[PDB]
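Presented below is the structure to which this report refers.
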Amino acid sequence: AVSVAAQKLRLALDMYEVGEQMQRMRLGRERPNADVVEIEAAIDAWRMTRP
Amino acid sequence: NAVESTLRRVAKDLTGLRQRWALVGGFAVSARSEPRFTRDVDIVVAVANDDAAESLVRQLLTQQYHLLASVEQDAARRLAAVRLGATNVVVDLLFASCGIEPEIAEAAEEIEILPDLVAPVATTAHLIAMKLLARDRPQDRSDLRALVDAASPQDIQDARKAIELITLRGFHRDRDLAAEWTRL
Amino acid sequence: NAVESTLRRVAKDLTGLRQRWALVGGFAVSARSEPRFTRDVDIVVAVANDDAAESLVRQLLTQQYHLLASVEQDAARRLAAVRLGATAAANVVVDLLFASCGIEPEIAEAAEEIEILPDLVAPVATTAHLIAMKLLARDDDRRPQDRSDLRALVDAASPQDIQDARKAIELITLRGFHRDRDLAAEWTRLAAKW
């Protein structure tokens with residue numbers, strides 16, 4: 001008994017996680033010599049920026 | 001999931017502070033219409049004036065939020081919004097961005113999103129009004145199209161009334177929102 | 001994660017069926033620029049003819065996909081696209097595009113294998129082909145994401161990407177898939193407003 005609105009919001013949360021992982025993979029490609037910590041730092045900077 | 005964690009934490013914090021609040025933005029749009037990739041958590045908070053908004057922000061800075069940005073404006077409510085970070089994801093708190101924050105919080109519907117995650121979510125009609133005003137940030141046009149496609153006849157009339165109220169309070173930034181609404 | 005689960009499954013299924021395919025639409029854009037996507041996973045499949053398209057869809061219907069819609073047109077390639085549900089409006093769906101833009105064989109041939117998620121390597125349409133497809137699909141009234149995807153793609157585009165987008169538009173038009181529009185002129189007018 002999850003509402004339709006709740007189902008759609010749960011899907012959007014899944015979408016965020018996929019988009020974060022896609023951004024992480026792309027940054028790794030664009031910055032091949034970047035260590036894990038540097039990539040995560042880039043991921044953290046990414047969220048903080050406006051649309 | 002960084003957003004889920006942020007939503008859970010800000011929901012508990014705003015509720016612990018007995019605030020009048022509602023989820024807006026991309027997650028509310030997703031709930032009311034078509035889900036989309038969203039990374040900002042945007043929340044309307046109804047407070048009486050800048051002093052009250054500032055007091056809430058000051059309290060949240062003592063609960064492991066930090067101030068990323070503040071949106072000032074030349075109006076009676078000098079504080080339209082603040083952007084806060086976790087000390088995970090950005091949270092924008094909207095106090096006086098559209099001028100109907102009290103109505104948005106009052107009309108929002110509590111939704112149990114996941115276990116132990118409950119949030120008031122703005123109505124379709126109020127999201128339509130917000131997204132019409134904010135139209136510029138290209139995702140607003142897409143959100144607006146989705147909301148209108150999902151809207152009932154009553155949602156449409158309710159959006160009309162919300163937009164009239166934005167204009168009556170002087171938050172319409174010199175635009176004819178009523179005319180823009182006739183076209184949607 | 002229902003989005004991840006569906007992406008991994010459809011990629012595995014189309015590759016297992018040895019199809020000539022490429023990720024397009026928002027998920028492809030999101031592999032090359034800031035993420036922007038909805039529940040629709042859009043994929044170009046290059047097939048020989050309508051019979052081959054229908055045979056692939058029939059095969060996927062035996063692999064737990066459900067047909068939601070078929071897009072047809074008055075053309076020799078009658079079947080432009082199908083919409084498949086992978087589960088029972090909060091559902092991830094798959095759009096297979098067979099003859100929507102007319103350069104599906106070229107799109108699949110030029111597609112680049114990219115690890116879009118960990119251990120998920122998929123052919124992703126080139127930026128050039130994504131630009132050409134977004135210009136063609138562009139409907140500012142009903143699909144504003146197409147115009148915003150366009151700004152992002154053109155900004156992400158290398159000189160090669162720009163040249164190949166122009167060539168792709170020309171081939172769409174030569175084949176008569178341009179819907180009586182001047183896509184290059186539309187691009188110029190839109191990009192002036194950038």
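Chain labels run A, B, ... following the order of the structure tokens; each chain numbers its residues from 1, and ligands are numbered from 1 in the order shown.
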Out of stretch 50-116 of chain C, which residues get helix (DSSP H, G or I) from DSSP, as an mmCIF file with N, CA, C and O atoms, in the first residue's frame?
```
data_model
loop_
_atom_site.group_PDB
_atom_site.id
_atom_site.type_symbol
_atom_site.label_atom_id
_atom_site.label_comp_id
_atom_site.auth_asym_id
_atom_site.auth_seq_id
_atom_site.Cartn_x
_atom_site.Cartn_y
_atom_site.Cartn_z
ATOM 1 N N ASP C 50 10.885 -3.909 -41.456
ATOM 2 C CA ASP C 50 9.839 -4.017 -40.443
ATOM 3 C C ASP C 50 9.716 -5.454 -39.942
ATOM 4 O O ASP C 50 9.501 -5.687 -38.738
ATOM 5 N N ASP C 51 9.854 -6.434 -40.840
ATOM 6 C CA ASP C 51 9.783 -7.823 -40.402
ATOM 7 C C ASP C 51 10.825 -8.097 -39.325
ATOM 8 O O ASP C 51 10.532 -8.753 -38.324
ATOM 9 N N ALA C 52 12.061 -7.625 -39.527
ATOM 10 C CA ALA C 52 13.124 -7.844 -38.546
ATOM 11 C C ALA C 52 12.838 -7.126 -37.239
ATOM 12 O O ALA C 52 13.119 -7.667 -36.155
ATOM 13 N N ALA C 53 12.297 -5.902 -37.315
ATOM 14 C CA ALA C 53 11.905 -5.203 -36.095
ATOM 15 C C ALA C 53 10.861 -6.002 -35.326
ATOM 16 O O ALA C 53 10.975 -6.183 -34.109
ATOM 17 N N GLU C 54 9.808 -6.457 -36.021
ATOM 18 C CA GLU C 54 8.735 -7.180 -35.347
ATOM 19 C C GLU C 54 9.253 -8.491 -34.771
ATOM 20 O O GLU C 54 8.851 -8.906 -33.679
ATOM 21 N N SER C 55 10.172 -9.144 -35.474
ATOM 22 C CA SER C 55 10.735 -10.383 -34.962
ATOM 23 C C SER C 55 11.515 -10.131 -33.676
ATOM 24 O O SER C 55 11.438 -10.923 -32.732
ATOM 25 N N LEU C 56 12.263 -9.030 -33.605
ATOM 26 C CA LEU C 56 12.954 -8.723 -32.360
ATOM 27 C C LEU C 56 11.963 -8.466 -31.234
ATOM 28 O O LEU C 56 12.132 -8.982 -30.131
ATOM 29 N N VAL C 57 10.935 -7.650 -31.484
ATOM 30 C CA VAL C 57 9.952 -7.370 -30.437
ATOM 31 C C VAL C 57 9.285 -8.661 -29.968
ATOM 32 O O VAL C 57 9.149 -8.903 -28.765
ATOM 33 N N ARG C 58 8.873 -9.516 -30.912
ATOM 34 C CA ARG C 58 8.255 -10.786 -30.536
ATOM 35 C C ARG C 58 9.193 -11.579 -29.638
ATOM 36 O O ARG C 58 8.764 -12.155 -28.631
ATOM 37 N N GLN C 59 10.490 -11.548 -29.941
ATOM 38 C CA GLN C 59 11.452 -12.269 -29.116
ATOM 39 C C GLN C 59 11.511 -11.675 -27.722
ATOM 40 O O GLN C 59 11.496 -12.406 -26.716
ATOM 41 N N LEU C 60 11.530 -10.354 -27.634
ATOM 42 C CA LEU C 60 11.571 -9.735 -26.312
ATOM 43 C C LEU C 60 10.292 -9.997 -25.537
ATOM 44 O O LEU C 60 10.328 -10.049 -24.304
ATOM 45 N N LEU C 61 9.144 -10.143 -26.207
ATOM 46 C CA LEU C 61 7.931 -10.476 -25.462
ATOM 47 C C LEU C 61 8.025 -11.837 -24.778
ATOM 48 O O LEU C 61 7.301 -12.087 -23.804
ATOM 49 N N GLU C 104 19.265 5.179 -38.276
ATOM 50 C CA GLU C 104 19.530 4.156 -37.261
ATOM 51 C C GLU C 104 20.718 3.274 -37.602
ATOM 52 O O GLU C 104 21.507 2.990 -36.688
ATOM 53 N N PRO C 105 20.922 2.811 -38.843
ATOM 54 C CA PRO C 105 22.124 1.995 -39.101
ATOM 55 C C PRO C 105 23.398 2.761 -38.806
ATOM 56 O O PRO C 105 24.329 2.223 -38.191
ATOM 57 N N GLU C 106 23.456 4.027 -39.221
ATOM 58 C CA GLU C 106 24.631 4.841 -38.949
ATOM 59 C C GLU C 106 24.834 5.069 -37.468
ATOM 60 O O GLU C 106 25.983 5.073 -36.999
ATOM 61 N N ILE C 107 23.747 5.287 -36.732
ATOM 62 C CA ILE C 107 23.845 5.511 -35.292
ATOM 63 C C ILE C 107 24.450 4.295 -34.611
ATOM 64 O O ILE C 107 25.342 4.400 -33.759
ATOM 65 N N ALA C 108 23.938 3.119 -34.924
ATOM 66 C CA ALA C 108 24.478 1.921 -34.277
ATOM 67 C C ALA C 108 25.929 1.678 -34.672
ATOM 68 O O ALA C 108 26.749 1.238 -33.844
ATOM 69 N N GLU C 109 26.271 1.917 -35.948
ATOM 70 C CA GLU C 109 27.634 1.662 -36.378
ATOM 71 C C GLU C 109 28.635 2.595 -35.706
ATOM 72 O O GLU C 109 29.753 2.175 -35.386
ATOM 73 N N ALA C 110 28.269 3.863 -35.493
ATOM 74 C CA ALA C 110 29.174 4.869 -34.921
ATOM 75 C C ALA C 110 29.172 4.878 -33.408
ATOM 76 O O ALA C 110 30.012 5.559 -32.798
#
```
Stretch 148-162 of chain B: which residues within 7 Å, counting only C-alpha atoms, same-chain residues fewer than 6 positions away excluded, as a ChimeraX atom specification?
-> /B:33,124-126,128-129
May I have the selected residues written with N, CA and C atoms, as a JSON list (two decimals), in the first residue's frame?
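Below is the file result21.json, written as the result:
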```json
[["chain", "number", "residue", "atom", "x", "y", "z"],
["B", 33, "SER", "N", 3.71, 14.01, -11.07],
["B", 33, "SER", "CA", 3.61, 13.92, -12.52],
["B", 33, "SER", "C", 4.55, 12.84, -13.04],
["B", 124, "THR", "N", -0.02, 19.54, -6.86],
["B", 124, "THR", "CA", 0.21, 19.80, -8.28],
["B", 124, "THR", "C", -0.04, 21.25, -8.63],
["B", 125, "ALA", "N", -1.13, 21.82, -8.14],
["B", 125, "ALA", "CA", -1.48, 23.19, -8.50],
["B", 125, "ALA", "C", -0.43, 24.18, -8.01],
["B", 126, "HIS", "N", 0.07, 23.99, -6.79],
["B", 126, "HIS", "CA", 1.09, 24.90, -6.29],
["B", 126, "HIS", "C", 2.41, 24.74, -7.03],
["B", 128, "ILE", "N", 2.62, 23.93, -10.17],
["B", 128, "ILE", "CA", 2.38, 24.63, -11.44],
["B", 128, "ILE", "C", 2.64, 26.12, -11.27],
["B", 129, "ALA", "N", 2.06, 26.71, -10.22],
["B", 129, "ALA", "CA", 2.28, 28.13, -9.98],
["B", 129, "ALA", "C", 3.76, 28.45, -9.78]]
```
Within 10 Å of residue B:176 using only C-alpha atoms, minus same-chain residues under 3 positions, as number ranges by chain = B: 133, 163-164, 167, 172-173, 179-181
Next, the residues of the selection above should be written as a compact mmCIF listing (two decimals), in the first residue's frame with C-alpha atoms.
```txt
# COMPACT_ATOMS: atom_id res chain seq x y z
CA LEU B 133 6.89 31.94 -12.02
CA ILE B 163 -1.03 32.60 -9.44
CA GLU B 164 -3.56 35.35 -8.71
CA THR B 167 0.40 38.69 -8.24
CA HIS B 172 5.05 38.31 -9.99
CA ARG B 173 8.22 40.19 -11.05
CA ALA B 179 -1.91 35.62 -19.37
CA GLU B 180 0.90 33.06 -19.26
CA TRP B 181 -1.44 30.66 -17.47
```
So which residues touch residue C:166 within 8 Å, counting only C-alpha atoms, skipping near sequence neighbours fewer than 2 positions away, as a ChimeraX atom specification?
-> /C:128,132,162-164,168-170,184
Please produce a file of the residues just selected, as a PDB file, in the first residue's frame, where the atoms kept are C-alpha atoms.
```pdb
ATOM      1  CA  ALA C 128      26.832  14.223 -33.252  1.00  0.00           C
ATOM      2  CA  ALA C 132      20.776  15.357 -34.973  1.00  0.00           C
ATOM      3  CA  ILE C 162      29.738  19.461 -34.948  1.00  0.00           C
ATOM      4  CA  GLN C 163      30.881  18.398 -38.408  1.00  0.00           C
ATOM      5  CA  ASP C 164      29.346  14.939 -37.978  1.00  0.00           C
ATOM      6  CA  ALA C 168      23.912  13.359 -39.965  1.00  0.00           C
ATOM      7  CA  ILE C 169      21.259  16.024 -40.557  1.00  0.00           C
ATOM      8  CA  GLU C 170      22.089  15.981 -44.238  1.00  0.00           C
ATOM      9  CA  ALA C 184      20.324  22.937 -39.866  1.00  0.00           C
TER      10      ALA C 184
END
```
Which residues come within 12 Å of stretch 108-119 of chain B, counting only C-alpha atoms, excluding same-chain residues fewer than 4 positions away, as a PyMOL selection string?
-> (chain A and resi 1-13) or (chain B and resi 4-15+19-24+27-28+31-32+41+43-46+101-104+123-127)
Using only C-alpha atoms, select each residue of chain B with any atom at most 7 Å away from an atom of chain C, and give the selection as a PyMOL selection string.
-> chain B and resi 35-37+138+141-142+145
Convert the current residue selection to file output with N, CA, C and O atoms, as a PDB file, in the first residue's frame.
```
ATOM      1  N   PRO B  35       8.424  11.165 -12.927  1.00  0.00           N
ATOM      2  CA  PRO B  35       9.740  11.219 -12.282  1.00  0.00           C
ATOM      3  C   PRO B  35      10.870  11.550 -13.240  1.00  0.00           C
ATOM      4  O   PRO B  35      10.896  11.087 -14.377  1.00  0.00           O
ATOM      5  N   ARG B  36      11.846  12.300 -12.729  1.00  0.00           N
ATOM      6  CA  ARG B  36      13.006  12.706 -13.488  1.00  0.00           C
ATOM      7  C   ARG B  36      14.217  12.738 -12.573  1.00  0.00           C
ATOM      8  O   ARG B  36      14.090  12.901 -11.354  1.00  0.00           O
ATOM      9  N   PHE B  37      15.402  12.599 -13.179  1.00  0.00           N
ATOM     10  CA  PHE B  37      16.638  12.801 -12.434  1.00  0.00           C
ATOM     11  C   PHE B  37      16.619  14.187 -11.792  1.00  0.00           C
ATOM     12  O   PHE B  37      16.431  15.204 -12.474  1.00  0.00           O
ATOM     13  N   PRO B 138      16.486  25.582 -17.282  1.00  0.00           N
ATOM     14  CA  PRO B 138      15.591  25.106 -18.351  1.00  0.00           C
ATOM     15  C   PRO B 138      14.674  23.982 -17.912  1.00  0.00           C
ATOM     16  O   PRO B 138      13.637  23.752 -18.549  1.00  0.00           O
ATOM     17  N   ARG B 141      10.692  24.523 -17.491  1.00  0.00           N
ATOM     18  CA  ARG B 141       9.731  24.379 -18.578  1.00  0.00           C
ATOM     19  C   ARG B 141       9.289  22.930 -18.709  1.00  0.00           C
ATOM     20  O   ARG B 141       8.102  22.647 -18.917  1.00  0.00           O
ATOM     21  N   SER B 142      10.234  21.995 -18.576  1.00  0.00           N
ATOM     22  CA  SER B 142       9.897  20.582 -18.678  1.00  0.00           C
ATOM     23  C   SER B 142       9.046  20.143 -17.495  1.00  0.00           C
ATOM     24  O   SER B 142       8.081  19.389 -17.667  1.00  0.00           O
ATOM     25  N   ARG B 145       5.514  21.413 -18.070  1.00  0.00           N
ATOM     26  CA  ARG B 145       4.777  20.632 -19.082  1.00  0.00           C
ATOM     27  C   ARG B 145       4.252  19.346 -18.472  1.00  0.00           C
ATOM     28  O   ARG B 145       3.136  19.013 -18.647  1.00  0.00           O
TER      29      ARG B 145
END
```
Smallest atom-to-atom distance to chain A: which of C:176, C:25, C:123, C:118, using only C-alpha atoms?
->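 For chain A, the nearest of the candidates is C:118.
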Would you mind listing what lies within 6 Å of residue C:23 as number ranges by chain, with only C-alpha atoms counted and same-chain residues fewer than 2 positions away left out?
-> C: 28, 43, 124-125
Using DSSP on the backbone coordinates, identify all residues within chain C classified as strand (DSSP E); present the result as a PyMOL selection string.
-> chain C and resi 20-23+40-46+66-72+79-85+93-97+112-117+120-124
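Considering the residues B:168, B:89, B:48, B:132 and counting only C-alpha atoms, chain A has its shortest atom-to-atom contact with B:89.
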Which value, in Å to one decimal, gives the distance between atom CA of residue B:85 and atom CA of residue A:26?
->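 Atom CA of residue B:85 sits 23.7 Å away from atom CA of residue A:26.
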What is the atom CA of residue B:120-atom CA of residue B:106 distance in Å, reported with one decimal?
->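 About the pair atom CA of residue B:120 and atom CA of residue B:106: they are 9.3 Å apart.
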Pick from A:19, A:25, A:14, A:50, whichever lies nearest to residue C:119 using only C-alpha atoms |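 Using only C-alpha atoms, the shortest distance to residue C:119 belongs to A:25.
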Counting only C-alpha atoms, figure out which residue out of C:117, C:29, C:41, C:97 gets nearest to chain A.
-> C:117
